[PDB]
Amino acid sequence: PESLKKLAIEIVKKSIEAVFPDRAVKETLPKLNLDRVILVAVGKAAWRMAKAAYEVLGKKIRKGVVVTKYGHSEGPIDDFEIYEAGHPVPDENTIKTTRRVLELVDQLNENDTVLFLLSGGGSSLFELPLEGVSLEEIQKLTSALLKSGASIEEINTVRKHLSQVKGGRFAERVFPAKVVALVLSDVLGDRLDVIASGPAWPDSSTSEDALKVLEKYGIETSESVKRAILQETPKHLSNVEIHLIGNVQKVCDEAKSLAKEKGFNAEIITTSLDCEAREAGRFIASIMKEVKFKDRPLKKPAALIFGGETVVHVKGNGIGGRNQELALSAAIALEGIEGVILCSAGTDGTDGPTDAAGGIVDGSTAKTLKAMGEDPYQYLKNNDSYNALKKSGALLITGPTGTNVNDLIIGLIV
């Protein structure tokens, strides 16, 4: 009873380890046989990904540079240059460090290779406007577009046409050298045209597209900006190889195999979960009830695996997060059923603005709350999932993982 809870926590903890930067790199990079390497690592996981590459390659790296969030770097790595910069918004340090990265990659020859180690936050952490466009203008134009209700693709079209590195321009500067990118994806569906706005990915959108977006949302812009946009972005790239070394699929696969390794009939139901968090908790609960009482779509002992990135339409003023709402909603749906554990987790280690990664619940959780005089629906209505789970000993606390590939959910039935 106690032990099944422990079993699911271990599976969740060990599944996430499969996408820690160190292990993700070491399980991929050696197979690629890289030589004459300039290492460029950008992202919230930049420092650990760089350290792991150094250990694989050593002096085959001729120069290394690291840009990550303030407070994220963990000291020297041989003689690599270690930098930190603005996130979630780019600042003067972003400009400085990006400018330095372009000094490291210009005038390389066909025989050289850039090892591009990429994780979350790269739109903010990797940026240098085109000559005559200001960072402020970029900050302001983005915010104007968001507020006006522009789509992420429309924001992206405009951003790529204001930048020296987005929209494939980075790969274009590395030319004639090769780009081999290792990507640790925090974007659902691992869309490389969106991840960091595709600095080593061709930009299918045009200057015309960018200007039509601004016109569409009535956003006024300088002459400087409009004539910066007229410089078309690379429509094709010949010097790039991309490998996804971490994403939500890898994490689901590892949980599937860890679960099998423990005697469970295990399957992945989906890795593209994106609906409302509380409604997803009920759907998953309904599947668990099918297994429990009808022994399908898996026979007991069963392990159902889910991955994705749910959302919460915030109506109240509580504290919580998507994974904690998904768990709290499920505990309501599973009240009174023996033999069921559900465990949800942000692979961050951080669900909402909290120290918890998610929830760990069963058929007693809701009645533990009722027996204390609390009402589970009221915590959910008020978006106060964190507190409901703390009161019933159902918070999953992992700590920061040093990675982010969205959400893992696991349901066990016996």
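Residue numbers are given in PDB author numbering: position 126 of the sequence shown equals residue 129, and the series is strictly consecutive.
Each residue gets a CB set at the ideal place from its N, CA and C atoms; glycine is no exception.
Restricting attention to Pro132, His246 and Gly201, the CA atom closest to the CA of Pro93 is found in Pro132. Put simply, the backbone Cα of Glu279 is about 42 Å away from that of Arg176.
If you keep only unbroken beta strand (DSSP E) runs of at least 3 residues inside the region 187–250, you get 243–249.
For secondary structure counted as the alpha helix (DSSP H) over 4 or more consecutive residues, the region 314–367 holds these complete runs in sequence order: 325–336. The criterion of a C-beta distance shorter than 8 Å is not satisfied by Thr353 and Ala48. The continuous stretches of alpha helix (DSSP H) do not include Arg65, which lies in the beta strand (DSSP E) extending over residues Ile64 to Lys72. The three-state reading of DSSP puts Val182 in strand, counting E and B together. Going by DSSP, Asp410 is part of the beta strand (DSSP E) stretching over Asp410 to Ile416. Under DSSP, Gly311 shares a beta bridge with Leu276 and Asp410. Inclusion of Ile287 and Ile363 in the CB contact set at 8 Å is not warranted, their separation being larger than that value.
By the CB criterion at 8 Å, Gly89 and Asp189 fall outside the cutoff. Secondary structure at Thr116: strand, using DSSP grouped into helix, strand and coil.
For the beta strand (DSSP E) assignment, the uninterrupted runs of no fewer than 3 residues enclosed by the region 114–169 are, from N- to C-terminal side, 116–121. Note that the C-beta distance between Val343 and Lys295 is below 8 Å. Less than 8 Å separates the beta-carbon of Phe119 from that of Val182. Residue environment for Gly339: exposed (fewer than 16 other C-beta atoms within 10 angstroms of its C-beta). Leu337 and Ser151 have their C-alpha atoms roughly 41 Å apart.
For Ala283, same chain residues with a beta-carbon under 7 Å away, outside a window of 5 residues either side, are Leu276, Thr313 and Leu329 in chain order. The beta carbons of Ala269 and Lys259 sit about 5 Å from each other, so the pair counts as a contact at 8 Å.
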